[PDB]
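A structural walkthrough
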Amino acid sequence: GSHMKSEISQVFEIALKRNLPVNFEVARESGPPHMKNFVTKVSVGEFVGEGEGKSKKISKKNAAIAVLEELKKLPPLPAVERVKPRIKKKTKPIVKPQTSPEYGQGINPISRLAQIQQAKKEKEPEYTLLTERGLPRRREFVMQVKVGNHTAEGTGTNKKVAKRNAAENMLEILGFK
RNA sequence: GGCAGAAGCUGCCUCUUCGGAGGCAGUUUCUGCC
């Protein structure tokens with residue numbers, strides 16, 4: 001074996017200890033301001049990479065793989081100090097996840113609702129925040145969303161997670177379920 | 001040739017009145033968009 005499920009996920013947090021990786025940026029300066037980036041590049045340490053790969057019909061992380069080879073040629077680092085202890089801690093990844101020989105367009109309410117908006121020539125719903133609460137012994141997120149004439153609500157730990165809990169209602173409020 | 005959104009996986013950042021909260025991105029599988 002020579003690859004994993006993610007490879008940009010390696011580059012992405014080494015930036016915390018190297019202060020030069022994860023510098024993803026545009027590849028042009030005479031068109032991207034119009035509406036969309038339409039090509040991307042990355043710089044890491046003393047090197048640089050681009051999304052092209054062999055043809056991009058291979059992966060969507062050729063940009064990072066082309067610069068992750070420089071993370072193997074790094075200095076001793078005379079700045080941003082670190083440690084590497086052993087025989088004192090142990091860890092293991094999760095084993096609950098699974099795979100399938102097939103896929104679908106409605107695996108969960110959350111993806112399903114987001115996927116339906118694009119088929120209507122939209123992008124996303126009209127999400128909103130309420131959080132009209134703050135008791136001496138109770139605090140929580142309270143999301144609101146609108147889709148035309150109706151609304152749903154949900155709970156979470158940030159504005160990228162309360163979207164999950166509300167989506168179970170988002171199909172039943174407007175009659176998609 | 002090429003990008004953005006959602007979920008699953010990965011991990012980071014800050015606050016706490018001691019209930020707990022607030023904030024991010026990446027990838028990959030679906031979709032749409034270039």
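Residues numbered from 1 in each chain as written, not as in the entry; some residues may be left out. Chains lettered and ligands numbered in written order. Heavy atoms only, no water.

As documented in the archive entry, the model was determined using solution NMR.

1. Some points on the overall build of chain A
Along the backbone of chain A there are four helices and six strands. The N-to-C order of helical and strand elements in chain A reads α-β-β-β-α-α-β-β-β-α. Compactness check: chain A gives a C-alpha radius of gyration of 22 Å against a globular reference of 16 Å for 177 residues, more than 25% above the reference. Expressed along its principal axes, the backbone C-alpha trace of chain A runs to roughly 60 × 50 × 40 Å. The 177 residues of chain A split such that 21% are buried. (Helix = DSSP H or I, 4+ residues; strand = E, 2+ residues; numbered from the N terminus. Rg over C-alpha atoms; globule rule 2.2 N^0.38 Å. Buried < 20%, exposed > 50% of the residue type's maximum accessible area, 1.4 Å probe, protein only.)

2. A look at the pairing of strand β2 (residues 40–44)
Relative to β2, strand β1 (residues 23–26) is paired through four bridges, and the arrangement is antiparallel. Its bridge partner lying in β2, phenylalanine 24 is registered against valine 42. Alignment of β2 against strand β3 (residues 47–50), held across four bridges, turns out to be antiparallel. Across the sheet, the residue bridging to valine 44 is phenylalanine 47, located in β3. In textbook terms, the turn of a hairpin is the stretch between consecutive antiparallel strands, and for β2 and β3 this stretch comprises two residues, one of which, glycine 45, has a positive phi near 45 degrees. (Pairing = 2+ DSSP bridges.)

3. Here's the deal with unusual backbone geometry
In this model, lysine 121 sits at a positive phi of 70 degrees, which is unusual for a non-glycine residue. Examined against the element boundaries, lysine 121 turns out to sit in the loop between α3 (109–119) and β4 (126–129). Its identity is not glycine, yet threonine 131 carries a phi of approximately 40 degrees, on the positive side. Tracing the backbone shows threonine 131 in the loop between β4 and β5 (143–146). When its relative accessible area of 32% is taken as the criterion, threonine 131 is described as partly exposed.

4. Structural notes on the sheet that holds β3
Spatially, β1-β2-β3 is the arrangement adopted by the three strands of the open sheet, whose pairing is antiparallel. If you trace the sheet from one side to the other, it starts and ends with β1 and β3, each paired once. When strand polarity is set aside, the average angle formed by the axes of neighbouring strands in this sheet is 25 degrees. (Axes fitted to C-alpha atoms, helices over the stretch in contact; angles between N-to-C directions.)

5. Details of the nonpolar core
With eleven residues, the main nonpolar core is built from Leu113, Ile116, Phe141, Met143, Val145, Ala152, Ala162, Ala166, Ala167, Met170 and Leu171. Of all the elements in the fold, those that place two or more residues in this core are α3, β5 and α4 (162–170). Per element, the largest residue contribution to this core is four residues, and it comes from α4. Residues within four places of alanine 162 in sequence aside, it is in contact with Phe141, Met143, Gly154, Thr155 and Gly156. (Core = buried A, V, L, I, M, F, W, Y, C linked by side-chain atoms within 4.5 Å. Contact = heavy atoms within 4.5 Å.)

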